[PDB]
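Next up is one chain by itself, shown in structure tokens, the form deposited in one PDB entry.
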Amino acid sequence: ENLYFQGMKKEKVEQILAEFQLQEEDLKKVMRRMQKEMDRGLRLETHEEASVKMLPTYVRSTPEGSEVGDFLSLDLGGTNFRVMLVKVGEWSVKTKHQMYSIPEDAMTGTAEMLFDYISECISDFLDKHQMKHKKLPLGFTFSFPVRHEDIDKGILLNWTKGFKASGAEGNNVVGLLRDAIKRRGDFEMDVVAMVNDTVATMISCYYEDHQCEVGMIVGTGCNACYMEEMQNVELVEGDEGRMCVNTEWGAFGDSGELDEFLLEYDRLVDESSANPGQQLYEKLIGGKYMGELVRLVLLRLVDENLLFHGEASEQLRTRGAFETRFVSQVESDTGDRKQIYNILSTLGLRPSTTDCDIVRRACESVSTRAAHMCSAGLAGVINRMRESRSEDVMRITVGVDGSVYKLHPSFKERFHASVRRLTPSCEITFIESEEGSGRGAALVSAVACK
């Protein structure tokens, strides 16, 4: 209750939190470095060495012919596994849907276990809606880096976001799925398309706004896709029209590009992750890591005797116990500290009013940096598109999905303002996808099956 000492503690906390600050000049440097890696990823000469893969998706502008009817859309990679029945006409409407929690033994076991579980979920969905005998074209949203040979054929480059199933990396993902369906043998599907989640988001948003040519995810992980000129897509023969490119920007920094900005907290999260040294840019933004970064900031403040009387509870010293959703909930607190108190009390802590305020500042520090780093990536893509299109003023729509962008109380606002400062002569409209994956994957499958 000594207000002079409370102020001195908050001042020391501010000196430590200041490390998270990124000036406009730092963001421009990250943006330019991102653009240099994007150029590298698209070229035949430097693609293999590029950290940002810029993977061709085989999704094109003006696809021509499209089929109508019932489509099954799958989604693996986000939160849980989703199966959706989509009706495509003229339009595209989600008619039926089911989500399945993936057992930990299937995300880190064998690819056979994972794909067997996926096939079991498909069998369950078809029974709940009496359609197992019906052979529908299937579209698969698969949220991982894939080197495509075509819309329905592509190899998994590597798992990300903690996935580790053996026997998948280097294999045709559509083949892994088709093989698992065949081993079960209680239904038949024509797997016609595979798309990244950024791609499915862009397409579902494009359906509502034809100026949408960028898709971005800020959920468990962070990535973006955009419509590139075919002349710039050196990995695909042809120079007419546009093709969607999956940047896989989460791997920016994997070649040392973010070294000067990485803090001790980033090094610890990276070292304890399933993929050390990989997805470094994603680890600064994604919901799989955000809460954990705050947890490590709190432990440093506990160690400096600036928080919780210099004592950390068993829960606070537990990996993953400071959930990303707590970061959003802390920053939603009205000022009375009730929401912050609840989270901290549940974590086995006995927080003071000052402890609550410090935890809020730690959350703001990590989430603001996530918003700012993300903004440099999106600004790099948009600025590159304006330049490639020889546009004086580019008016574009960005379709977005993911829990961090959608649910965090201020990330969106901080992110938009920073993107806008970095994108002179661009008019950017941001739209949130409404059941993004399913509709997007079905529209792609409708074209793919002729």
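Only the largest set of C-alpha atoms that superpose within 1.5 Å between the two forms is called the rigid core. The first residue of the shown sequence is 1; numbering continues from there.
Beyond what is shown, the protein has a form deposited in another entry; the following relates to that form.
Here the two forms are overlaid on the core, and between this form and the one not shown the C-alpha of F125 is the only one among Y206, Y226, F125, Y265 to shift by 2 Å or more.
The rigid-core alignment places the CA of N305 less than 2 Å apart between this form and the one not shown. If you fit the rigid core between this form and the one not shown, you'll see the Cα of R360 move by less than 2 angstroms. Taking 2 Å as the criterion, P103 counts as shifted between this form and the one not shown: its C-alpha moves by at least this amount when the rigid core is aligned.
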